[PDB]
>>> print(open('model.cif').read())   # mmCIF, C-alpha atoms
data_protein
#
loop_
_atom_site.label_atom_id
_atom_site.label_comp_id
_atom_site.auth_asym_id
_atom_site.auth_seq_id
_atom_site.Cartn_x
_atom_site.Cartn_y
_atom_site.Cartn_z
CA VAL U 970 67.53 -68.08 150.56
CA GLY U 971 71.27 -67.76 150.18
CA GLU U 972 73.54 -65.34 148.38
CA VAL U 973 75.70 -65.10 145.26
CA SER U 974 79.09 -63.55 145.00
CA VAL U 975 79.43 -61.86 141.64
CA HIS U 976 82.04 -59.57 140.29
CA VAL U 977 80.50 -57.49 137.46
CA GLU U 978 82.25 -55.24 134.97
CA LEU U 979 80.21 -52.92 132.90
CA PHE U 980 82.24 -52.22 129.84
CA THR U 981 80.99 -49.34 127.81
CA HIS U 982 82.67 -51.57 125.46
CA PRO U 983 86.11 -50.03 124.85
CA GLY U 984 86.02 -51.58 121.33
CA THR U 985 82.54 -50.18 120.29
CA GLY U 986 80.75 -47.74 122.69
CA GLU U 987 77.96 -50.36 123.00
CA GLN U 988 77.53 -51.74 126.51
CA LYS U 989 78.68 -55.21 127.36
CA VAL U 990 78.31 -56.68 130.83
CA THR U 991 80.91 -59.06 132.05
CA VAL U 992 79.54 -61.13 134.98
CA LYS U 993 82.06 -63.22 136.92
CA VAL U 994 79.94 -65.65 138.97
CA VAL U 995 82.41 -66.31 141.81
CA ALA U 996 80.30 -68.46 144.17
CA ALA U 997 77.02 -69.00 146.01
CA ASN U 998 76.65 -69.40 149.80
CA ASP U 999 73.97 -70.19 152.44
CA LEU U 1000 71.66 -71.78 149.88
CA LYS U 1001 68.53 -72.76 151.86
CA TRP U 1002 68.16 -76.03 149.95
CA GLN U 1003 69.17 -79.01 152.10
CA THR U 1004 67.24 -81.24 149.70
CA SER U 1005 65.64 -84.72 149.65
CA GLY U 1006 68.39 -85.88 147.20
CA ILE U 1007 71.64 -84.94 145.46
CA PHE U 1008 71.70 -81.18 145.43
CA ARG U 1009 73.40 -80.06 142.14
CA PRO U 1010 73.29 -76.24 142.18
CA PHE U 1011 74.09 -74.16 139.15
CA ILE U 1012 73.57 -70.42 138.67
CA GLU U 1013 71.59 -69.11 135.82
CA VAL U 1014 72.37 -65.44 135.06
CA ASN U 1015 69.85 -63.47 132.99
CA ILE U 1016 70.04 -59.90 131.71
CA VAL U 1017 66.76 -57.89 131.68
CA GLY U 1018 65.87 -54.66 129.86
CA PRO U 1019 64.70 -53.43 126.46
CA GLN U 1020 65.85 -54.62 122.98
CA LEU U 1021 67.12 -58.12 123.89
CA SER U 1022 65.24 -60.27 121.28
CA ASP U 1023 68.39 -60.56 119.08
CA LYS U 1024 70.64 -61.28 122.13
CA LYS U 1025 71.60 -64.14 124.45
CA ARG U 1026 69.46 -63.26 127.50
CA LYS U 1027 70.59 -66.27 129.58
CA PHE U 1028 73.81 -67.94 130.81
CA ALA U 1029 74.37 -70.66 133.39
CA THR U 1030 77.34 -71.86 135.46
CA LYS U 1031 78.26 -75.52 135.48
CA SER U 1032 76.54 -77.45 138.27
CA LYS U 1033 78.32 -78.47 141.55
CA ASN U 1034 77.39 -81.67 143.38
CA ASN U 1035 76.16 -81.59 147.01
CA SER U 1036 77.38 -78.05 147.70
CA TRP U 1037 75.34 -75.35 149.56
CA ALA U 1038 78.36 -73.02 149.06
CA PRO U 1039 79.37 -73.83 145.44
CA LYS U 1040 82.23 -71.88 143.90
CA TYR U 1041 82.06 -71.27 140.12
CA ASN U 1042 84.50 -68.57 139.03
CA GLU U 1043 82.63 -68.47 135.64
CA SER U 1044 82.62 -65.21 133.61
CA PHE U 1045 79.71 -64.39 131.25
CA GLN U 1046 79.38 -61.43 128.81
CA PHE U 1047 75.93 -60.05 128.03
CA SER U 1048 75.41 -57.46 125.38
CA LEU U 1049 73.04 -54.65 126.19
CA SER U 1050 71.53 -52.60 123.42
CA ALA U 1051 73.59 -49.70 122.08
CA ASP U 1052 70.64 -47.29 122.57
CA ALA U 1053 69.13 -47.91 126.01
CA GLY U 1054 71.50 -46.88 128.84
CA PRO U 1055 72.62 -49.25 131.65
CA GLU U 1056 69.84 -47.82 133.89
CA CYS U 1057 67.32 -49.47 131.45
CA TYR U 1058 68.78 -52.86 132.50
CA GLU B 615 94.38 -38.16 146.03
CA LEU B 616 93.68 -34.54 147.09
CA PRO B 617 96.80 -33.33 149.01
CA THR B 618 94.50 -32.29 151.91
CA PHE B 619 93.49 -35.94 152.45
CA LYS B 620 96.49 -37.90 151.12
CA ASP B 621 97.94 -36.06 154.15
CA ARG B 622 95.65 -38.24 156.45
CA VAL B 623 94.53 -41.75 157.37
CA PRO B 624 90.88 -41.45 156.16
CA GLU B 625 88.38 -40.78 158.85
CA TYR B 626 85.28 -42.20 157.10
CA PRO B 627 86.06 -45.88 158.12
CA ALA B 628 85.58 -44.81 161.73
CA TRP B 629 81.97 -43.93 160.82
CA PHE B 630 81.34 -47.45 159.47
CA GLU B 631 83.37 -49.54 161.97
CA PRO B 632 80.40 -50.08 164.39
CA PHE B 633 78.40 -51.39 161.49
CA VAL B 634 81.23 -53.63 160.25
CA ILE B 635 81.58 -54.96 163.80
CA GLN B 636 77.85 -55.64 164.00
CA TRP B 637 78.20 -57.37 160.63
CA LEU B 638 81.16 -59.50 161.91
CA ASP B 639 78.95 -60.55 164.81
CA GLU B 640 76.02 -61.46 162.60
CA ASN B 641 78.43 -63.29 160.39
CA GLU B 642 79.76 -65.32 163.35
CA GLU B 643 76.24 -66.49 164.26
CA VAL B 644 75.45 -67.28 160.64
CA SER B 645 78.77 -69.15 160.49
CA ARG B 646 78.08 -71.21 163.67
CA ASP B 647 74.53 -72.07 162.55
CA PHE B 648 75.74 -72.88 159.01
CA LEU B 649 78.41 -75.13 160.66
CA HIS B 650 75.84 -77.27 162.46
CA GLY B 651 73.93 -77.60 159.18
CA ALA B 652 77.10 -78.53 157.28
CA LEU B 653 78.10 -81.06 159.92
CA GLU B 654 74.59 -82.53 160.21
CA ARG B 655 74.58 -83.15 156.41
CA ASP B 656 78.03 -84.72 156.55
CA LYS B 657 77.22 -86.80 159.67
CA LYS B 658 73.99 -88.05 158.12
CA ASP B 659 76.04 -88.93 154.99
CA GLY B 660 78.30 -90.93 157.41
CA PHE B 661 81.27 -88.60 156.65
CA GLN B 662 82.08 -89.73 153.10
CA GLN B 663 85.49 -88.54 151.96
CA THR B 664 84.77 -85.85 149.39
CA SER B 665 86.78 -87.90 146.91
CA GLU B 666 89.50 -90.57 146.66
CA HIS B 667 92.09 -87.74 147.00
CA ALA B 668 90.01 -85.13 148.92
CA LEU B 669 90.51 -87.36 151.99
CA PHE B 670 88.31 -85.03 154.10
CA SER B 671 84.48 -84.88 154.15
CA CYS B 672 82.29 -82.06 152.76
CA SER B 673 81.56 -80.09 155.95
CA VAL B 674 85.20 -78.87 155.97
CA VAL B 675 84.73 -77.43 152.50
CA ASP B 676 81.37 -75.90 153.45
CA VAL B 677 82.78 -74.32 156.56
CA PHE B 678 85.92 -72.92 154.98
CA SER B 679 83.78 -71.64 152.09
CA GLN B 680 81.59 -69.82 154.63
CA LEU B 681 84.65 -68.47 156.37
CA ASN B 682 86.30 -67.44 153.13
CA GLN B 683 83.11 -65.65 151.90
CA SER B 684 83.08 -63.91 155.25
CA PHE B 685 86.74 -62.98 155.11
CA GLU B 686 86.67 -61.75 151.54
CA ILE B 687 83.97 -59.18 152.32
CA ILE B 688 86.18 -57.73 155.08
CA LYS B 689 89.21 -57.93 152.86
CA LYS B 690 87.38 -56.03 150.06
CA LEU B 691 86.70 -53.18 152.50
CA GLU B 692 90.52 -52.55 152.43
CA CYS B 693 89.98 -50.34 155.47
CA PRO B 694 92.81 -47.73 155.35
CA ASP B 695 92.89 -47.46 159.20
CA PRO B 696 95.19 -50.30 160.39
CA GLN B 697 93.82 -50.08 163.94
CA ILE B 698 90.23 -50.51 162.74
CA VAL B 699 91.63 -53.35 160.55
CA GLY B 700 93.40 -54.83 163.60
CA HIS B 701 90.09 -54.62 165.46
CA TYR B 702 88.25 -56.33 162.56
CA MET B 703 90.98 -58.98 162.41
CA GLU Q 615 62.69 -73.78 112.73
CA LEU Q 616 60.65 -73.76 115.95
CA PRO Q 617 60.23 -69.96 116.57
CA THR Q 618 61.80 -70.34 120.03
CA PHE Q 619 65.15 -71.44 118.46
CA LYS Q 620 64.92 -69.66 115.12
CA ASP Q 621 65.08 -66.66 117.47
CA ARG Q 622 68.69 -67.71 118.51
CA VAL Q 623 72.31 -68.36 117.61
CA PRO Q 624 72.53 -72.10 118.44
CA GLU Q 625 74.28 -72.71 121.75
CA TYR Q 626 75.31 -76.34 121.04
CA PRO Q 627 78.70 -75.35 119.47
CA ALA Q 628 79.89 -74.27 122.93
CA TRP Q 629 79.55 -77.94 123.91
CA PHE Q 630 81.84 -79.30 121.17
CA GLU Q 631 84.34 -76.42 121.18
CA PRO Q 632 86.79 -77.96 123.70
CA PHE Q 633 86.87 -81.19 121.66
CA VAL Q 634 87.51 -79.15 118.54
CA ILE Q 635 90.30 -77.36 120.36
CA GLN Q 636 91.65 -80.77 121.47
CA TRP Q 637 91.43 -81.81 117.88
CA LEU Q 638 93.28 -78.56 116.86
CA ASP Q 639 95.92 -79.51 119.43
CA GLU Q 640 96.35 -83.09 118.24
CA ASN Q 641 96.35 -81.58 114.78
CA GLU Q 642 99.02 -78.95 115.48
CA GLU Q 643 101.38 -81.44 117.11
CA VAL Q 644 100.89 -83.94 114.31
CA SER Q 645 101.43 -80.97 111.92
CA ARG Q 646 104.70 -79.99 113.67
CA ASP Q 647 105.97 -83.57 113.61
CA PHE Q 648 104.87 -83.71 109.95
CA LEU Q 649 106.65 -80.35 109.34
CA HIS Q 650 109.93 -81.74 110.63
CA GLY Q 651 109.44 -84.93 108.59
CA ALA Q 652 108.67 -82.90 105.41
CA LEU Q 653 111.63 -80.53 105.91
CA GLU Q 654 113.87 -83.53 106.55
CA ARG Q 655 112.62 -85.45 103.45
CA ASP Q 656 113.23 -82.30 101.42
CA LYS Q 657 116.68 -81.91 103.11
CA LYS Q 658 117.41 -85.51 102.17
CA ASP Q 659 116.38 -84.47 98.66
CA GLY Q 660 119.10 -81.73 99.09
CA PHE Q 661 116.24 -79.14 98.83
CA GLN Q 662 115.72 -79.42 95.05
CA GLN Q 663 113.33 -76.86 93.55
CA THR Q 664 109.91 -78.41 92.92
CA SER Q 665 110.74 -77.68 89.31
CA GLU Q 666 113.26 -75.34 87.64
CA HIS Q 667 110.39 -72.79 87.48
CA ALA Q 668 108.61 -73.87 90.76
CA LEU Q 669 111.49 -72.25 92.61
CA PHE Q 670 110.71 -73.46 96.17
CA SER Q 671 111.17 -77.07 97.35
CA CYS Q 672 108.41 -79.60 98.00
CA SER Q 673 108.13 -79.27 101.81
CA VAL Q 674 106.47 -75.87 101.30
CA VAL Q 675 103.75 -77.56 99.27
CA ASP Q 676 103.39 -80.49 101.69
CA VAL Q 677 102.99 -78.07 104.58
CA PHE Q 678 100.38 -75.95 102.85
CA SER Q 679 98.62 -79.16 101.81
CA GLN Q 680 98.61 -80.34 105.41
CA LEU Q 681 97.53 -76.95 106.73
CA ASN Q 682 94.69 -76.88 104.25
CA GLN Q 683 93.57 -80.49 105.04
CA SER Q 684 93.62 -79.33 108.65
CA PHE Q 685 91.85 -76.02 108.06
CA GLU Q 686 89.14 -77.76 106.11
CA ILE Q 687 88.45 -80.17 108.98
CA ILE Q 688 87.72 -77.02 111.02
CA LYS Q 689 85.85 -75.30 108.23
CA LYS Q 690 83.57 -78.37 107.77
CA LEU Q 691 82.05 -77.63 111.20
CA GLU Q 692 80.65 -74.18 110.10
CA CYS Q 693 80.09 -73.29 113.77
CA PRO Q 694 77.12 -70.83 113.92
CA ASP Q 695 78.73 -69.13 116.97
CA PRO Q 696 81.34 -66.85 115.30
CA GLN Q 697 83.17 -66.21 118.61
CA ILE Q 698 83.68 -69.94 119.10
CA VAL Q 699 84.82 -69.84 115.46
CA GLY Q 700 87.04 -66.88 116.36
CA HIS Q 701 88.52 -69.06 119.11
CA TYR Q 702 89.30 -71.88 116.67
CA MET Q 703 90.85 -69.26 114.38
#
>>> encode(input="model.cif", output="structure tokens")
Amino acid sequence: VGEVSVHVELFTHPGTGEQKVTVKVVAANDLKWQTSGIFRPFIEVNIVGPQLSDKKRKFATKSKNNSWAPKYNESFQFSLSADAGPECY
Amino acid sequence: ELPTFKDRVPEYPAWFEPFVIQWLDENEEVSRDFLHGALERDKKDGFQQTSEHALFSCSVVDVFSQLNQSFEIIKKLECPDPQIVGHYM
Amino acid sequence: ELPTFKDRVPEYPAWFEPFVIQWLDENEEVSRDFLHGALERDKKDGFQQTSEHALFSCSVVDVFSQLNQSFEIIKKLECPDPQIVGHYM
């Protein structure tokens, strides 16, 4: 229904040996959503995996008006657990 | 970085070239169908200038976005065979 | 106190943070203009010691006073996001 350009950097966090996940949301494209109104796309990013109760599971880009190919260039930083490896997420 | 293959233009891109070409084709069709969408939106909107300084209407932005997405994929391949690159280009 | 948001570091400080930074900016520039004024008032006072046992001159005091008035305006926000705090700091 479209696509999202992300650049993602796993950091086995050079400051801690936890894992942190930088997610640069670059853009979306080909969004199948030529809507009955003002389209205002934004991109939610969520991390999924174990031990996330204490952590910010969700981010979102700003919205972009009337844009089926919205650029964002917005960089988020999830924390994973320390224990569960990146393959648990 | 092994001497044995720093001594060569890498041969592996020649394996993938037919697939990248097929992808470039698919991408052209997707681009030309996206274009008609982008234009039909803009035309139905009566070609509003994107803003009072973006003197052009939105379909330009859509189209170049599509093209740029398309280009950036190719560019990220960084194909080390300049003849395969010339062919892609 | 709703469980849903007791579960979380409040996200609202991310909203205000740019306006706080703007404030910190207005504040610094005011503080640097103030600094020059204070130094110059003290210079006009020939840089007398604040007393014969308070061996520095008054501009030092004025500046720390200002910096503290300023810091306290920040501190009075008690932003529950410590990274947004870290940014202010």
>>> atom_distance(input="model.cif", atom1="CA of residue 652 (chain Q)", atom2="CA of residue 677 (chain Q)")
7.5 Å
>>> closest_residue(input="model.cif", among="U:1005, U:1022, U:1048, U:1035", to="chain Q", atoms="all atoms listed in the file")
U:1022
>>> atom_distance(input="model.cif", atom1="CA of residue 633 (chain Q)", atom2="CA of residue 693 (chain Q)")
13.1 Å
>>> closest_atom_pairs(input="model.cif", of="chain B", to="chain U", cutoff="8 Å", atoms="all atoms listed in the file", output="JSON lines")
{"residue": "B:648", "atom": "CA", "partner": "U:999", "partner_atom": "CA", "distance": 7.3}
{"residue": "B:676", "atom": "CA", "partner": "U:1038", "partner_atom": "CA", "distance": 6.1}
{"residue": "B:679", "atom": "CA", "partner": "U:1038", "partner_atom": "CA", "distance": 6.4}
{"residue": "B:680", "atom": "CA", "partner": "U:998", "partner_atom": "CA", "distance": 6.9}
{"residue": "B:683", "atom": "CA", "partner": "U:998", "partner_atom": "CA", "distance": 7.8}
>>> atom_distance(input="model.cif", atom1="CA of residue 1015 (chain U)", atom2="CA of residue 1053 (chain U)")
17.1 Å
>>> residues_around(input="model.cif", residues="residue 658 (chain B)", least_positions_apart="5", cutoff="12 Å", atoms="all atoms listed in the file", output="PyMOL selection string")
(chain U and resi 1003) or (chain B and resi 650-653+671-673)
>>> write_last_selection(input="model.cif", atoms="C-alpha atoms", output="PDB file, in the frame of the given file")
ATOM      1  CA  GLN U1003      69.170 -79.010 152.100  1.00  0.00           C
TER       2      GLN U1003
ATOM      3  CA  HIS B 650      75.840 -77.270 162.460  1.00  0.00           C
ATOM      4  CA  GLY B 651      73.930 -77.600 159.180  1.00  0.00           C
ATOM      5  CA  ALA B 652      77.100 -78.530 157.280  1.00  0.00           C
ATOM      6  CA  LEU B 653      78.100 -81.060 159.920  1.00  0.00           C
ATOM      7  CA  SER B 671      84.480 -84.880 154.150  1.00  0.00           C
ATOM      8  CA  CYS B 672      82.290 -82.060 152.760  1.00  0.00           C
ATOM      9  CA  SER B 673      81.560 -80.090 155.950  1.00  0.00           C
TER      10      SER B 673
END
>>> residues_around(input="model.cif", residues="residue 986 (chain U)", least_positions_apart="5", cutoff="9 Å", atoms="only C-alpha atoms", output="VMD selection string")
chain U and resid 980 to 981 1051
